[PDB]
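Protein chains in written order, with the authors' numbering: chain U, 100 to 149; chain R, 74 to 99; chain H, 150 to 346; chain X, 298 to 395; chain Y, 298 to 346; chain B, 1 to 292; chain S, 841 to 1284; chain W, 1088 to 1235.
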């Protein structure tokens, strides 16, 4: 229940950037769990608060 | 530091029976 | 004489516990415990240390060796060239390799001619053992006590575990023991004496 | 001194200390003891230990920990203080407000 | 052709083939249909593939 | 196998529910006496609770003894409960729902796949009556089946703080609860409650019928109200101390209004969204049974 | 009547292979045929004479009371064949019915009291069931392999070393073989204790008594559930990776319609100026060219072989865009159950699962995400969704004994933690004959 | 072609208040709470069909933008961004799309930027030969005009 401290092993993260038009195809899809972010560069929480 | 998995299984320690020359009883 | 049996001490089982730990977990409270108790309960409390994510019961790979042609690395026995297509090489990772595996298990157990001889043995002086262990222990035990979860009673930090195990052991239907126990064959001779451990 | 019971060679001492500890009015303890704050969270868990420490210092460490326990400051307080010191209608998007 | 059954992309073909094969009057097979052995050696002599 | 007494399993002294009160033992009802309420301008109104989905989770066979009581009571009351929506436990619950199952629900609150003669267990008829509804907790997360997490707390409020006239009217002012209290009174209360064998209370809730059921509802109202109290603290938007003379009075604004607060706090146990899904589903089911 | 209850019956080939030679060897009259003119009293007389509850079938329509007797005393009728079995009985109830049988194994120990002539069990049958149909040449291979494992020279075994005909190979197959005296005519004589030696009455699969003793233990090990870890079938489905437990199989949702996969279902078809791999849906026959917008299907796939790549890809696309659930029963796989820190050392494309050779063992990994600690309260929110396709069809972790040896909240148990089974710890006692036993439960 | 909103959808004005970090299954999530019912939706997959109207788009968190677009993809949200100004070049099928506009920029750009969308006119697309086996892919269009 304790909040984790050591850097945990996260699942690999696909970043399918999504454009005005695209040809989705799902051969070679990963079957194991795999996070799917849409935008590039999400690390926007940069103003650290001591 | 990163989190790490590890594994262990109980070891065999079976050995051919010792040939003692001493005896326990009369 | 014919060597009809393979006399041995501190025997391998057909099954062994195998365990995976997530090593970031570790109880802050170190458990200093009696020396004599740690030479009985010890291999267990190391095998099931805090953070064991899983404890499986596998075929003993050290016993069902590669000498028998078995490979237990993928969790099932797998034997290389028993059931095979003829006129063509079988190919890797065939599922028949599993059925072949069971035969080689079934074979190897059919021909286990091991005969246990008592190995090196301690006789702890009893005041030197915590009572939960002393109730389990029966006079004497092999120094290679091996592992059993019933040993974790009143030792593992993991409270639900100790509560559930103490809950099982305190029921009539189960009762753990260790080392020398009386048996119908006690005092029987055969060159030496038979005993029950 | 309560530790000296059945240890110190000095017999009158052990007799008098055993005599005190066996009265109802006094009862020594050591280490982890249950308390009303057990299981309470504050990042980590609060616990109670029966220390060998003066009651004045113990009293202060208690009031400190309980001060921090009741303080209940959260991220929203910080995003509020942040908002006050930033240009009007600036937007903040931190963690959970609680 | 009967081996194309449930194995060719061309649907109508595989349907028509599966139909002819599912008729009582026709039945494809491939391999060791029969085995005559010696009356004394007990080894196989004349197979029928 | 335990026979179920005509008054339900709760009549047995074995299943008595008793919270601590600044450390002393107490019936839930005599703790609930300490509760006091300050009304505010807002008015809770109980909407009809939507009828629960008929679809039970599939009765898949699973390895091991599922510990369903500890699962439910933790998910409702235990600090930082985890994996509360994980499906296997409720799959075995659905397995209990079947007309002639080999599964048995022991008084321990565990389900054993064996006939297991050694361990005492509830009459299978009763636990089938109970699983037939509470296995539905297994769809607590699935979006098609999710419970209202917001309006349902109105009912909680009504069954807790509500005066008999307010329960008649079906509407009550939103209330701020308060009581003379000890240090970690809310956490300690939840600990006292999470040790409850609530499978007894629920199995009796589902299996009992007619006058026996109604008499059970009056006999066990204060227990249910205590569980409602723990949940209401978990979702109270704010909780604080108020120093009246030497006494300290704990206060929780507000009863009956789920804040959907998810971040943990010192004062009380706290629901992650998964626990809100679970608890909301538990409430929909439990109130649908409680009102009949 | 319960599934165990009913009229026991076995095919003649089964009777001949097993029970009959035992009847001969135990010196009992051949059990009677039942004409249907047969009285139940006759059948009782026969079951008395044979010391086995068996009768052979003869001719049509067994009479009612005799049939009721067959049911009440569990007499094992031996049908020549199973075609139109119900016509053979005069069911006044009209309740006896084809496809209302329960096929099951029956140990010979259950019908014979003569313990000396019984060595094996249901186990070996159950293990033969896993085995491929075996050519005699394959059998010889298997034997020679087992020989080389045991370091014996099996050269010229099962062979003829003729000077002029050369070496020749006879079949080594001989299931249930017996040593029997033959007539000079060459035909077999029934075993006679009067002239043939006693060691010959029942070859015990040609094993030493000791090897049989160990063979029983081993058969108990092989048929034991924990050892059986070659899992079958995968359920492909598009969900967020929520449930921590490795053994998870998502339930199929209420609205789905099961559809057996067949090449017939998918067809190239024109749609909006292109050749979509259209799927027509059998309940309505509506054709859906796009993977999206198809009705919720629980498509079982009994046989992956011959599936088109455009079709395999189209099914997986339908799994995502239309939320199909797709069981694939043809897959045999081993599953390693990884802990969260060790992640997923192996990764599999949907293309590989849709196109593995039918006999090869896939090796899937599954997370037991239970030992995974809560996020720091200030970690940035995860916008996107973790997603998961592959699932076990039946439980994995059959080998599991313990799980999550860590505290939750320092006292409360983690959800999903498992205490070791009680039977691990019952150092029972020996029986009066030296067999192992669990401690008595309750008393006495 | 401006696609119609499907019958089951509900209109919801965007507000920063609708999205928030929240603990779910051991992970912080850009939870969306749906104002008609108030229920939180920690993940994009479960969310009710929503015809979201983003009148402003200023001040909005980039995580919230990735979450809304994920919701379009997963929950089939139809999200109408009113602020955007754009030129649009119709293209012949032979021409193809010479250049694309990522949703990342449509969702996170200054209010005055002038996007240039492209649109194929499919009227003159070649018809496939009757026998040729189907291609594996599926073409998709994520962004649409609100006006002709």
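A virtual CB, placed ideally from N, CA and C, is assigned to each residue, including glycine.
- Message: Quick check on the DSSP output: what are the complete alpha helix (DSSP H) runs of length 4 or more inside the region 1158 to 1235 of chain W, in order along the chain?
- Response: 1190 to 1194
- What's the call for residue 190/B, buried or exposed, on a 16-neighbour Cβ count within 10 Å? buried
- With distances taken Cα to Cα, identify the nearest neighbour of residue 1043/S among 1024/S, 1015/S, 1006/S and 1182/S. 1015/S
- Message: Taking DSSP's pairing of strands, which residues face residue 80/R in a bridge?
- Response: 169/H
- Query: So what does residue 172/B bridge to, in DSSP terms?
  - Reply: 44/B
- Which value, in whole angstroms, describes the spacing of the CA atoms of residue 1193/S and residue 120/U? 29 Å
- Using DSSP bridges, identify the partner residues of residue 36/B. 178/B
- Message: Report the start-end ranges of each alpha helix (DSSP H) in the region 153 to 221 of chain H that is 4 residues or longer and not cut off at the edges.
- Response: 184 to 187 and 191 to 196
- Query: Taking the continuous beta strand (DSSP E) assigned at residue 1138/S, which residues delimit it?
  - Reply: 1137 to 1140
- Task: Please confirm if residue 1179/S has its CB atom under 8 Å from at least one CB of chain R.
- Result: yes
- Task: For residue 148/B, return the contacting residues in chain W, with the cut-off set at a CB-CB distance below 9 Å.
- Result: 1124, 1125 and 1126
- Query: Looking at the structure shown, is residue 957/S part of a helix, part of a strand, or coil, going by DSSP?
  - Reply: helix
- Which bits of chain B does residue 1256/S rub up against, with CB to CB less than 7 Å? 83 and 86
- Message: At the 8 Å Cβ level, is residue 256/H part of the contact set with chain S, yes or no?
- Response: yes
- Query: Between which two residues does the alpha helix (DSSP H) carrying residue 356/X extend?
  - Reply: 352 to 368
- If we cut at 8 Å on Cβ distances, does residue 122/B have a partner in chain S? no
- Message: Which residues of the region 1130 to 1156 of chain S have a Cβ closer than 7 Å to any Cβ of chain Y? Give them in chain order.
- Response: 1146 and 1148
- Query: How is the beta strand (DSSP E) around residue 343/Y delimited, first residue to last?
  - Reply: 341 to 345
- Check each residue of the region 119 to 140 of chain U: if its Cβ is closer than 9 Å to any Cβ of chain S, include it; give the result in chain order. 123, 124, 125, 126, 127, 128, 129, 130, 131, 132, 133, 134, 135, 136, 137 and 138
- Alpha-carbon to alpha-carbon, residue 1253/S and residue 302/H: 16 Å
- Message: Against chain W, which members of the region 176 to 199 of chain B pass a CB distance test of less than 7 Å?
- Response: none
- Where the beta strand (DSSP E) containing residue 1115/W begins and where it ends: 1115 to 1120
- Residue from 1232/S, 1041/S and 1134/S with nearest C-alpha to residue 863/S: 1041/S
- Item | Span of the alpha helix (DSSP H) around residue 1107/W | No alpha helix (DSSP H) holds residue 1107/W; the beta strand (DSSP E) holding it covers 1106 to 1110.
- Going by the CB atoms, is the gap between residue 993/S and residue 1086/S shorter than 8 Å? no
- Query: Who are the Cβ neighbours of residue 180/B in its own chain at under 7 Å, not counting the five residues just before and after it?
  - Reply: 34, 247 and 249
- Message: If you measure between the beta carbons of residue 207/B and residue 147/B, is that distance less than 8 Å?
- Response: no
- Message: I'd like to know whether the C-beta of residue 118/B is nearer than 8 Å to at least one C-beta of chain H.
- Response: yes
- Going by beta carbon distance, what residues of the same chain come within less than 6 Å of residue 878/S, once the five residues before and after it are set aside? 906
- Task: Rank 227/H, 205/H and 276/H by C-alpha distance to the C-alpha of residue 81/R and give the top, closest one.
- Result: 205/H
- Closest Cβ-Cβ distance between residue 148/U and chain X: below 8 Å? yes
- Item | C-alpha gap between residue 242/H and residue 224/H, whole angstroms | 13 Å
- Residues of the region 1205 to 1232 of chain S with Cβ closer than 8 Å to any Cβ of chain U, in chain order: 1205, 1207, 1212, 1213, 1214, 1215, 1216, 1217, 1220, 1222, 1223, 1224, 1225, 1226, 1227, 1228, 1229 and 1230
- How is the beta strand (DSSP E) around residue 135/U delimited, first residue to last? 133 to 135
- Query: Can you name the residues of chain B whose CB is closer than 7 Å to the CB of residue 1163/W?
  - Reply: By Cβ distance, chain B contributes nothing, its closest Cβ being about 13 Å from residue 1163/W, past 7 Å.
- Look at residue 1077/S and residue 1229/S and say whether their C-beta atoms are less than 8 Å apart. yes
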